[PDB]
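Beneath this line is the structure, given in structure tokens, with notes to follow.
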Amino acid sequence: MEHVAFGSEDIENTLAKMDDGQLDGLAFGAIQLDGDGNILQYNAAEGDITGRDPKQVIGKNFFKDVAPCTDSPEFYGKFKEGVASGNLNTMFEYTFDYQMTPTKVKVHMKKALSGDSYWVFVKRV
Ligand SMILES: *C(=O)/C=C/c1ccc(O)cc1
């Protein structure tokens with residue numbers, strides 16, 4: 001395992017050192033998005049939660065293509081305000097229900113330490 005707790009205050013500094021292989025050792029799902037919502041990184045734990053194959057969703061748009069259930073003011077709306085503002089740090093519960101059994105999760109969205117990238121972290125509840 002990589003030992004990093006979900007919700008940790010300095011998580012963006014810790015994850016700045018990991019490559020795709022290290023990200024697969026986290027105890028929670030991790031997605032890195034660009035400012036348009038395209039998927040740059042997608043770890044093994046996220047694929048275990050949602051059924052998606054990580055290598056197949058990299059490059060797709062999360063809000064348009066992969067996760068239309070998140071295209072709502074409650075999820076995408078928060079993301080886009082964060083990108084526009086250049087700051088984002090929010091945690092909320094959500095249900096993922098597209099082409100899968102409805103699954104309740106906790107989501108943490110946080111701006112990355114690098115400029116135009118954003119993390120989405122997911123764990124079951
Ligand atoms: C709603 O459409 C949610 C879909 C979804 C969430 C998270 C993922 O990693 C993949 C699909």
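Every chain in the structure tokens has a letter given in the order shown (A, B, ...), and although residue numbers restart at 1 in each chain, ligands are simply numbered from 1 in the order shown.
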
Legend entry - Surrounding residues as a PyMOL selection string, ligand 1, max 10 Å, only C-alpha atoms and all ligand atoms: chain A and resi 29-31+39+42-54+57+62-71+94-100+102-103+105+107+120-122

Write a file of the selected residues as a compact mmCIF listing (two decimals), in the first residue's frame, keeping N, CA and C atoms.
# COMPACT_ATOMS: atom_id res chain seq x y z
N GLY A 29 -10.05 5.66 -4.41
CA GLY A 29 -10.03 6.05 -5.80
C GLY A 29 -9.43 7.44 -6.01
N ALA A 30 -8.70 7.57 -7.09
CA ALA A 30 -8.09 8.86 -7.45
C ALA A 30 -8.17 9.03 -8.95
N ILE A 31 -8.66 10.20 -9.34
CA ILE A 31 -8.78 10.63 -10.71
C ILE A 31 -8.11 11.97 -10.81
N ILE A 39 -9.69 13.23 -18.44
CA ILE A 39 -9.05 12.35 -17.46
C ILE A 39 -7.59 12.17 -17.86
N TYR A 42 -6.09 7.77 -13.59
CA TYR A 42 -7.29 7.07 -13.09
C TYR A 42 -6.75 5.77 -12.43
N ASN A 43 -6.90 5.61 -11.14
CA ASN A 43 -6.21 4.51 -10.47
C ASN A 43 -7.04 3.25 -10.38
N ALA A 44 -6.34 2.19 -9.91
CA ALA A 44 -6.94 0.88 -9.83
C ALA A 44 -8.06 0.85 -8.83
N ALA A 45 -7.94 1.54 -7.68
CA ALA A 45 -9.00 1.51 -6.69
C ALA A 45 -10.26 2.13 -7.25
N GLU A 46 -10.15 3.17 -8.09
CA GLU A 46 -11.35 3.78 -8.66
C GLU A 46 -12.01 2.75 -9.59
N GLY A 47 -11.20 2.05 -10.42
CA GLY A 47 -11.79 1.04 -11.30
C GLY A 47 -12.46 -0.08 -10.51
N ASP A 48 -11.97 -0.43 -9.33
CA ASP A 48 -12.64 -1.42 -8.50
C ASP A 48 -13.99 -0.93 -8.02
N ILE A 49 -14.13 0.34 -7.73
CA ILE A 49 -15.40 0.91 -7.25
C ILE A 49 -16.39 0.98 -8.40
N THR A 50 -15.96 1.38 -9.59
CA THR A 50 -16.92 1.76 -10.65
C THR A 50 -17.02 0.78 -11.80
N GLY A 51 -16.09 -0.16 -11.89
CA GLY A 51 -16.06 -1.10 -13.01
C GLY A 51 -15.32 -0.60 -14.24
N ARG A 52 -14.89 0.63 -14.31
CA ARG A 52 -14.22 1.13 -15.50
C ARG A 52 -12.80 0.59 -15.54
N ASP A 53 -12.31 0.36 -16.76
CA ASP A 53 -10.93 -0.08 -16.93
C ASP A 53 -10.05 1.17 -17.00
N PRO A 54 -9.10 1.38 -16.10
CA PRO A 54 -8.38 2.64 -16.07
C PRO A 54 -7.74 3.06 -17.38
N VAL A 57 -10.26 4.77 -19.99
CA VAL A 57 -10.95 6.04 -19.73
C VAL A 57 -9.98 7.21 -19.75
N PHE A 62 -14.60 13.37 -18.39
CA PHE A 62 -15.34 12.77 -17.28
C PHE A 62 -16.80 13.17 -17.28
N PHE A 63 -17.10 14.47 -17.51
CA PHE A 63 -18.47 14.96 -17.37
C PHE A 63 -19.34 14.67 -18.57
N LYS A 64 -18.73 14.63 -19.76
CA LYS A 64 -19.50 14.44 -20.97
C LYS A 64 -19.68 12.96 -21.27
N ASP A 65 -18.62 12.17 -21.13
CA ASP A 65 -18.53 10.82 -21.69
C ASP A 65 -18.64 9.74 -20.59
N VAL A 66 -17.84 9.84 -19.56
CA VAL A 66 -17.71 8.74 -18.60
C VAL A 66 -18.77 8.74 -17.51
N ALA A 67 -19.06 9.96 -17.01
CA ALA A 67 -19.83 10.08 -15.75
C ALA A 67 -20.94 11.10 -15.91
N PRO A 68 -21.90 10.91 -16.80
CA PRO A 68 -22.97 11.92 -17.02
C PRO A 68 -23.79 12.17 -15.75
N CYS A 69 -23.83 11.22 -14.83
CA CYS A 69 -24.56 11.45 -13.57
C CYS A 69 -23.95 12.53 -12.73
N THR A 70 -22.70 12.93 -13.01
CA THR A 70 -22.04 14.02 -12.31
C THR A 70 -22.23 15.34 -13.01
N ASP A 71 -22.86 15.36 -14.18
CA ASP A 71 -23.09 16.60 -14.89
C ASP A 71 -24.37 17.22 -14.33
N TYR A 94 -22.15 11.42 -2.71
CA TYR A 94 -22.81 11.39 -4.02
C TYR A 94 -23.15 9.95 -4.34
N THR A 95 -24.06 9.74 -5.28
CA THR A 95 -24.36 8.38 -5.76
C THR A 95 -23.96 8.26 -7.23
N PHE A 96 -23.15 7.27 -7.52
CA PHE A 96 -22.79 6.95 -8.91
C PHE A 96 -23.72 5.87 -9.43
N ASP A 97 -24.39 6.12 -10.57
CA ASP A 97 -25.48 5.22 -11.01
C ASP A 97 -25.55 5.03 -12.52
N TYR A 98 -24.51 5.37 -13.24
CA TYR A 98 -24.56 5.23 -14.70
C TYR A 98 -23.95 3.89 -15.13
N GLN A 99 -24.80 3.05 -15.72
CA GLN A 99 -24.40 1.73 -16.24
C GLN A 99 -23.77 0.92 -15.16
N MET A 100 -24.21 1.02 -13.92
CA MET A 100 -23.65 0.32 -12.78
C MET A 100 -24.72 0.26 -11.68
N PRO A 102 -26.21 1.33 -8.35
CA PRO A 102 -26.04 2.63 -7.66
C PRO A 102 -25.16 2.43 -6.44
N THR A 103 -24.15 3.27 -6.34
CA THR A 103 -23.13 3.14 -5.32
C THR A 103 -22.90 4.48 -4.65
N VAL A 105 -20.89 7.08 -2.43
CA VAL A 105 -19.47 7.37 -2.18
C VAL A 105 -19.33 8.71 -1.49
N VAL A 107 -16.83 11.93 -1.97
CA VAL A 107 -15.98 12.55 -2.96
C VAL A 107 -15.24 13.71 -2.34
N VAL A 120 -9.93 14.28 -8.08
CA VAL A 120 -11.18 13.74 -7.54
C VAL A 120 -10.83 12.46 -6.81
N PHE A 121 -11.09 12.43 -5.52
CA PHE A 121 -10.84 11.26 -4.66
C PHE A 121 -12.16 10.68 -4.22
N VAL A 122 -12.23 9.37 -4.18
CA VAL A 122 -13.49 8.66 -3.96
C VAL A 122 -13.28 7.51 -2.99

Legend entry - strand (DSSP E or B) per DSSP on the backbone: members of stretch 7-74 of chain A, as a count of residues only: 12

Inset, instruction - Return the single residue from A:125, A:83, A:113, A:58 that is closest to residue A:28, with distances computed using only C-alpha atoms. - result: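 Comparing A:125, A:83, A:113, A:58 against residue A:28, the winner is A:125.
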
Legend entry - Shell of 12 Å around residue A:16, only C-alpha atoms, local chain residues under 3 positions omitted, as a ChimeraX atom specification: /A:10-13,19-20,22-23,32,111-115,117-119

Preceding selection exported with N, CA and C atoms as a short mmCIF file (atom, residue, chain, number, x, y, z; two decimals), in the first residue's frame:
data_model
loop_
_atom_site.label_atom_id
_atom_site.label_comp_id
_atom_site.auth_asym_id
_atom_site.auth_seq_id
_atom_site.Cartn_x
_atom_site.Cartn_y
_atom_site.Cartn_z
N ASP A 10 -2.64 17.68 3.42
CA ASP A 10 -1.58 18.03 2.44
C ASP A 10 -1.50 17.02 1.32
N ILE A 11 -2.66 16.44 0.98
CA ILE A 11 -2.66 15.32 0.05
C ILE A 11 -2.10 15.68 -1.32
N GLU A 12 -2.29 16.95 -1.72
CA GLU A 12 -1.79 17.30 -3.05
C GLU A 12 -0.27 17.33 -3.08
N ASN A 13 0.41 17.60 -1.96
CA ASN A 13 1.87 17.52 -1.94
C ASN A 13 2.35 16.08 -2.00
N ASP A 19 3.78 8.40 -9.69
CA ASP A 19 3.53 7.97 -11.05
C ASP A 19 2.26 7.09 -11.08
N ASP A 20 1.85 6.67 -12.30
CA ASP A 20 0.59 5.95 -12.37
C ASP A 20 0.70 4.69 -11.48
N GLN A 22 2.37 4.11 -8.61
CA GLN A 22 2.23 4.42 -7.19
C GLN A 22 0.78 4.79 -6.89
N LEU A 23 0.12 5.46 -7.83
CA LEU A 23 -1.29 5.85 -7.56
C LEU A 23 -2.16 4.61 -7.38
N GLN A 32 -7.26 12.22 -11.83
CA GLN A 32 -6.74 13.56 -12.07
C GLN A 32 -7.38 14.06 -13.36
N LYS A 111 -7.78 21.05 -5.87
CA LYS A 111 -6.80 21.47 -6.89
C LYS A 111 -5.46 20.81 -6.60
N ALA A 112 -4.81 20.41 -7.70
CA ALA A 112 -3.48 19.81 -7.61
C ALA A 112 -2.47 20.92 -7.35
N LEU A 113 -1.26 20.50 -6.96
CA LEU A 113 -0.19 21.48 -6.76
C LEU A 113 0.28 22.09 -8.07
N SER A 114 0.26 21.27 -9.14
CA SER A 114 0.49 21.79 -10.49
C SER A 114 -0.69 22.58 -11.01
N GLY A 115 -0.32 23.54 -11.84
CA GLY A 115 -1.27 24.47 -12.32
C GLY A 115 -2.57 24.08 -12.85
N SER A 117 -4.52 21.31 -13.03
CA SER A 117 -5.05 19.99 -12.80
C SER A 117 -5.68 19.89 -11.42
N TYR A 118 -6.63 18.92 -11.37
CA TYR A 118 -7.57 18.83 -10.25
C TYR A 118 -7.73 17.36 -9.90
N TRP A 119 -7.78 17.05 -8.65
CA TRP A 119 -8.00 15.69 -8.19
C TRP A 119 -9.48 15.47 -7.80
#

Legend entry - DSSP-assigned alpha helix (DSSP H) members of stretch 51-120 of chain A, reported as a ChimeraX atom specification: /A:54-57,76-85

Please dump the current selection as an mmCIF file, in the first residue's frame; keep C-alpha atoms.
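The resulting file, out-v4.cif, is reproduced below:
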data_model
loop_
_atom_site.group_PDB
_atom_site.id
_atom_site.type_symbol
_atom_site.label_atom_id
_atom_site.label_comp_id
_atom_site.auth_asym_id
_atom_site.auth_seq_id
_atom_site.Cartn_x
_atom_site.Cartn_y
_atom_site.Cartn_z
ATOM 1 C CA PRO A 54 -8.379 2.636 -16.066
ATOM 2 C CA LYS A 55 -6.465 2.549 -19.293
ATOM 3 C CA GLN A 56 -9.569 2.851 -21.337
ATOM 4 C CA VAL A 57 -10.950 6.040 -19.730
ATOM 5 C CA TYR A 76 -19.725 19.457 -12.223
ATOM 6 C CA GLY A 77 -21.048 22.857 -11.091
ATOM 7 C CA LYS A 78 -18.614 22.817 -8.158
ATOM 8 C CA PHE A 79 -15.773 21.685 -10.358
ATOM 9 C CA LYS A 80 -16.241 24.389 -12.910
ATOM 10 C CA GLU A 81 -16.465 27.135 -10.273
ATOM 11 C CA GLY A 82 -13.209 25.795 -8.795
ATOM 12 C CA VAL A 83 -11.419 25.813 -12.107
ATOM 13 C CA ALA A 84 -12.635 29.344 -12.879
ATOM 14 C CA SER A 85 -11.589 30.596 -9.418
#
